[PDB]
């Protein structure tokens, strides 16, 4: 797995993070999004259960994020709306036994 779709965004802006499977895999796998924030450390973002996925979010997401999957069941997306400076972090996707290298998401206080 290798996360993509991160970068510099203005406060109030949106981003869509994507995650894809590598090697032998089971489709529609249970997955988790976790972020490493500067100063605060590791924080859980979201969980999608395997197959018919029931999604659950951390207290801070407040209905802004939508964790989802592709038709084939080998790709994952995290749509993040109304981003805030406190959402600045390195985002990781965890897909059934594997983890990506992370994607940097920077939300500007100035812009």
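Positions refer to the first chain, counted from 1.
Look at the mean CA B-factor for 64 to 72 and for 38 to 46 in the entry; the higher one is 64 to 72. When the C-alpha B-factors of 50 to 58 and 25 to 33 are averaged, 50 to 58 comes out higher. Set against one another, the Cα B-factors of 93, 90, 9, 17 in the record reach their highest point at 9. Annotation for residue 97: CA B-factor lies in the middle third of the chain's modelled residues. Placement of the Cα temperature factor of residue 2 within the chain: highest third of the modelled residues, per the deposited record.
Among all modelled residues in this chain, the alpha-carbon of residue 106 has a temperature factor (C-alpha) in the middle third.
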